[PDB]
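No Cβ is skipped: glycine too gets one built from the backbone with ideal geometry, and neighbour counts run over all protein chains shown. The numbers here are math on the coordinates, done by the rules we state, and not lab data.
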Amino acid sequence: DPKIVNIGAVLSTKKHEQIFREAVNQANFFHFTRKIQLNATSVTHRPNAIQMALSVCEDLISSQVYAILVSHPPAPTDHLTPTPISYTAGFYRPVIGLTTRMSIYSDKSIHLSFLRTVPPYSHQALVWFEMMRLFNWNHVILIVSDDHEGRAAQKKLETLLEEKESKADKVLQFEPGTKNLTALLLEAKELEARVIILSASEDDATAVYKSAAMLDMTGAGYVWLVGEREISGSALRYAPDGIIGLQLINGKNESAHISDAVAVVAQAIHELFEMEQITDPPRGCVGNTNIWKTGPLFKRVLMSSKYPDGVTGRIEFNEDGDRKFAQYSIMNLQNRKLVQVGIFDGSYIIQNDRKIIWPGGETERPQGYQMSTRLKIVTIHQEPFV
Amino acid sequence: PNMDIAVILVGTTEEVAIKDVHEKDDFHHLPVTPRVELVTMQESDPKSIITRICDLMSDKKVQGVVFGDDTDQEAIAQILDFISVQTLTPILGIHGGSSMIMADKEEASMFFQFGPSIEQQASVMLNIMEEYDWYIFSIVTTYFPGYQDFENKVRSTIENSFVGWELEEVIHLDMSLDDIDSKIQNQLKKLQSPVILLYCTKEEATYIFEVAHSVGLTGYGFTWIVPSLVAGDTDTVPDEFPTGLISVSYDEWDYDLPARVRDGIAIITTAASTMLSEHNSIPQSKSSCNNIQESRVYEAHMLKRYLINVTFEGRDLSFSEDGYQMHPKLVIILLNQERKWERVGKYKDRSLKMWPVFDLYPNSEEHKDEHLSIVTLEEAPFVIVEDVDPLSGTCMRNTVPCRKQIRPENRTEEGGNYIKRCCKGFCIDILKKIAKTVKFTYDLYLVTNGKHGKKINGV
Amino acid sequence: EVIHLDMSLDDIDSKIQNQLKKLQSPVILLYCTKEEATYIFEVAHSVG
Amino acid sequence: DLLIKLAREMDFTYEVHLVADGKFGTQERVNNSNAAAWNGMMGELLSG
Ligand SMILES: C[C@@H](CN1CCC(Cc2ccccc2)CC1)[C@@H](O)c1ccc(O)cc1
């Protein structure tokens, strides 16, 4: 009889668990199984963290699982993030994400054995870099909030611009929860640079649209480059018609992420059980203080996975454990509607037959981004000189 | 009111001689009356910890959780922080895995430990390395959550003083993969400094010292210095640790376990009584386990302001804004031959006292020992003796810290004062140029009585 | 520094690597035979 | 006069301003509350 191997997963509704159990049954059929037998075991996102931890130590860890999946808590608000859940496996050394858009998981210290197959908000900045090559930009302004996503996007944008090419001008920070932000628009307007790149949440982007709207700053020359949290929800009616936006392909109902997830994990199990040793996880969380000897090795097998003929496209992991070749779609607000004006496969940006409309009523992007006069010259106090 | 204060004890130590405390009943001058409830625990799994916290919380309405163990795992301590995410209870660290610091924590968490952070301990280590004239040093850090402020604290500290320090290179080692591709040895072979600061955990220090023990890393010229989170418990000593490991701690030998628990109960009860004595309005007690959406509004952060400046028995037993003690009474211990942590220094908030140990640092181990005493006289042009500045207390660059043994002639009674100054001149220059070439350790001091040799009667 | 290597015993006590790790010269001369040069180049190929 | 010459040799406008105190790069060495810092001078050209 083949060895019974269990696979842990954290899903939301029951339909996703049905697609998971079906994907495991297909994984035990399309793959040659001569000594192992995959088992489907998934739970639901509990509203409390203690009951969730007990559900893992009494549903997932008690079944001796090797790989654990995670998605997103089905809640309209955000108060109890599942990040501490990722610490649970940290006590037993691998969890794969599905819709985790927060870049906090990109760190290696607090998230050692953790990998995800979804491009966060930082990868979108890479696409923004392509924008800097689409119309030849140089001076850009990054306006982010004062938290971890702003620092991560700042270090990522600074890391991408480390050669002798363009650089960053003045990065503005603000506390998430302050509406009176007129000084940011005054200091941002006084600066010669006009390329505005906003990367915040909804309530902040609404204040940027209101404060920036009551000062007449949406005319010609002003460019607004946002992501996805600025053109969805209540921040859509306040955004100007012609703002450059983004849209992730297959945001809701990601059955391909579950099927390809069980495919990659199944390949890592069938391929992992062909070398030596291969220890077994402990039974439950009752008197198990020792760590797992097969942790970084399992993460190495999960990272070295290639699927050029996959459903989503080309599954490939980088050196940090993210999702390479992201598939986005450059959108543009036209007549109170989101009209598709571009697509991003992963390597370059492909444009369709729709012309990009600028919020300042312009249709063609000029060569020079901004030029004028009025030079400020300061000097010290010296008797023989000045 | 009688507030419940539970003390969690993890380990094989008999709690019968520990729970018996006589510092109650008569020591209840405050209007609030606490009660001690100590529990035991054998295993060190998170399921039993969360189980005893939830069952003990729903069973007894406790207010101050004092967790104390004896293992050497920091991740479990992080789990304690997770408990705060579900409780926001001022958890105090006394000894064990909960005695390790963790920089950059949650602004809403209430994780407080008696041990100081890396800013104070780093300053103590730099003071020890400054008194013994240890300029060239090395830094070995790993992937521990809290190294950016460590390296930036060391650099930002050495860039301020006028002493001619020297920094070789701050390397980094990985522990997820074993040393099988020949990289850790290649990173450690470039360290030729006499003093090396280690910043990692215990299970990582066993492997770093395991490889360094094979690759000529232990004897003289490669002295390793670890803070308090590396050694942890002074009763668990393996074998791979070499002789001569400078460590620091807090009280430990002075204040035992019942003293630390009593001080923790005094801090929790005092801080819980200042709001009732000043604001005259306190909320309810803690709720059960999953009932957090209803009691999440009753939590008040004002008590945090009462967890920074705390006084007790006159001594400055307070904390800071980062969640650690501001002015600790640290104790410096050094490993000897029989593998036992013996006290060698006493650091009081500021001043450092070296009374249990003499002036000489090493003793006898393989390699050569002793040194060479050098005495001179303040001869201008050649030997220029200058007093040490009171705003520093340490000589800089080639100025040799030349001591001075004087005796206070108090009427008909003499004493023994040692005033240290800074000597510099031609003799210091030539003796240091030839001393650097021939490579040996020496000493320098002056003469206080007898001056130049002469004839007395017939001798 | 003219170093000397011993081929009687295999590199099992971590000594040949310690003697060859201190060679930071742009040109190195090898004075030995063939079966010894294959082992010196075999260990040096793994060290760097 | 040099600023007037450079102002007439090139078609542009300027505005001269006097700088006050702080002519040493601002070396962060005084202990100010046990916290981090950031470069805000040294070069002295980017204030705003
Ligand atoms: C592994 C981490 C600690 N680790 C365990 C706890 C986890 C936080 C957590 C909170 C609540 C519930 C579950 C988990 C955070 C990560 C630490 O030991 C470490 C990091 C880096 C390093 O070189 C050495 C040690």
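List every residue pair whose Cβ atoms sit under 8 Å apart, with the two residues 6 or more apart in sequence or on different chains, where the first one lies in region B:278-299 and is away from chain A (no Cβ under 14 Å) and the second, anywhere, is assigned to a loop (DSSP other than H, G, I, E, B) and of a type in the set (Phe, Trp, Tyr).
That search, which allows pairs on different chains as well, returns B:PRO283/B:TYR298; B:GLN284/B:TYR298.
Considering only residues of region B:86-106 that are touching a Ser or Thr at 6+ places or on another chain (Cβ under 7 Å) and within 14 Å of chain A (Cβ to nearest Cβ), which is nearest to the ligand (Cβ to nearest atom)?
B:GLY97
Can you tell me which residue among B:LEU38, B:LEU9 is away from the ligand (no atom under 16 Å from the Cβ), within 20 Å of A:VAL286 (Cα to Cα), away from chain A (no Cβ under 14 Å) and of a type in the set (A, V, I, L, M)?
On the way: B:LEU38 fails: within 20 Å of A:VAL286 (Cα to Cα).
Of the residues listed, the single one that is away from the ligand (no atom under 16 Å from the Cβ), within 20 Å of A:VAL286 (Cα to Cα), away from chain A (no Cβ under 14 Å) and of a type in the set (A, V, I, L, M) is B:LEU9.
Run down B:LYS304, B:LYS286 and say which single residue is among the basic types (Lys, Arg) and either in a loop (DSSP other than H, G, I, E, B) or within 20 Å of B:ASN2 (Cβ to Cβ) (or both).
Numbers: B:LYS304 fails: either in a loop (DSSP other than H, G, I, E, B) or within 20 Å of B:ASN2 (Cβ to Cβ) (or both).
Exactly one residue qualifies, and that residue is B:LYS286.
Of all residues being of a type in the set (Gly, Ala, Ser) and not in a loop (DSSP other than H, G, I, E, B) in region A:102-120, which is farthest from the ligand (Cβ to nearest atom)? Just the residue, please.
Top of the filtered list is A:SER103.
Can you tell me which condition C:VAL43 does not meet? The list is (1) farther than 25 Å from B:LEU191 by Cβ; (2) within 11 Å of the chain's Cα centre (by Cα), and all the others hold.
Of everything listed in (1) farther than 25 Å from B:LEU191 by Cβ; (2) within 11 Å of the chain's Cα centre (by Cα), C:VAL43 misses just condition (1).
Let's see how each residue does on (1) of a type in the set (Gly, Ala, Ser); (2) closer than 28 Å to B:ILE196 by Cα; (3) within 18 Å of the chain's Cα centre (by Cα):
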residue	(1), (2), (3)
B:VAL62	no, no, no
B:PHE67	no, no, no
B:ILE79	no, no, no
B:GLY115	yes, yes, yes
B:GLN120	no, yes, yes
B:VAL124	no, yes, yes
B:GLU131	no, yes, yes
B:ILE136	no, yes, no
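Filter region A:273-289 down to residues that are out of contact with any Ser or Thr (no Cβ under 7 Å at 6 or more places or on another chain) and at the interface with another protein chain (Cβ under 10 Å from one of its Cβ atoms), then give me how many there are.
The qualifying residues number 5.
Suppose we keep only residues that are more than 25 Å from B:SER249 (Cα to Cα) and surrounded by 20 or more Cβ atoms within 10 Å (Cβ to Cβ) within region B:52-81. Which one would you say is farthest from the ligand (Cβ to nearest atom)?
B:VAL62
Quick check on region A:67-74. Is at least one of its residues closer than 22 Å to A:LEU297 by Cα, touching a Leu at 6+ places or on another chain (Cβ under 9 Å), more than 16 Å from the ligand (Cβ to nearest atom) and not in a loop (DSSP other than H, G, I, E, B)?
Yes - at least one qualifying residue is present in region A:67-74.
Considering only residues that are crowded, with 19+ Cβ neighbours inside 10 Å, outside any helix (DSSP H, G or I) and within 14 Å of another protein chain (Cβ to nearest Cβ), which ones fall in region A:47-66?
A:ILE61
Please find, within region A:83-101, the residue that is nearest to the ligand (Cβ to nearest atom) out of those that are closer than 21 Å to A:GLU149 by Cβ and within 12 Å of chain B (Cβ to nearest Cβ).
A:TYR87
Taking only pairs six or more apart or across chains, which ones have beta-carbon atoms under 6 Å, a first residue in region A:95-117 that is closer than 23 Å to A:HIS16 by Cβ, and a second residue that is among the basic types (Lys, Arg)?
Listed by first residue and then by second, the contacts come to A:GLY97/A:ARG116; A:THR100/A:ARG116; A:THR117/A:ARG323.
State all residues of chain D that are more than 10 Å from chain A (Cβ to nearest Cβ), among the polar types (S, T, N, Q) and at negative phi; if no residue qualifies, say none.
Matches in chain D: D:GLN27, D:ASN31, D:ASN32, D:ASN39.
Condition first: away from chain A (no Cβ under 14 Å) and either farther than 18 Å from B:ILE18 by Cβ or touching a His at 6+ places or on another chain (Cβ under 8 Å) (or both). Now tell me which residues in region B:60-85 satisfy that.
Listed by number, the residues that qualify are B:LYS60, B:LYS61, B:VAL62, B:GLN63, B:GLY68.
Consider only pairs whose beta carbons are under 6 Å apart and that are at least six residues apart or on different chains; among these, list those whose first residue lies in region B:193-204 and is under 13 Å from B:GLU166 (Cα atoms) and whose second residue is away from the ligand (no atom under 16 Å from the Cβ) and assigned to a helix (DSSP H, G or I).
Matching pairs, first to second residue: B:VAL195/B:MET129.
Provide a single number: the residues in region B:174-201 that are in contact with a helix residue (DSSP H, G or I) (Cβ under 9 Å, 6 or more places away or on another chain) and within 14 Å of chain A (Cβ to nearest Cβ).
Total satisfying the criteria: 9.
Look through region B:137-157, keep the residues that are of a type outside the set (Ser, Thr, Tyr), buried (at least 16 other Cβ atoms within 10 Å of the Cβ) and away from the ligand (no atom under 16 Å from the Cβ), and return whichever of them is farthest from A:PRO94 (Cα to Cα).
Here the answer is B:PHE137.
How about region B:284-301: which of its residues are exposed (fewer than 12 other Cβ atoms within 10 Å of the Cβ) and not charged (D, E, K, R)?
If we filter region B:284-301 for residues that are exposed (fewer than 12 other Cβ atoms within 10 Å of the Cβ), which is where we start, we get B:284, B:294, B:296-298, B:301.
If the condition is that a residue be exposed (fewer than 12 other Cβ atoms within 10 Å of the Cβ) and not charged (D, E, K, R), then B:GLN284, B:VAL297, B:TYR298, B:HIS301 are the ones that fit.
Only one of A:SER347, A:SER304, A:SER329 is within 20 Å of the chain's Cα centre (by Cα) and loosely packed, with under 13 Cβ neighbours inside 10 Å; which?
A:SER347
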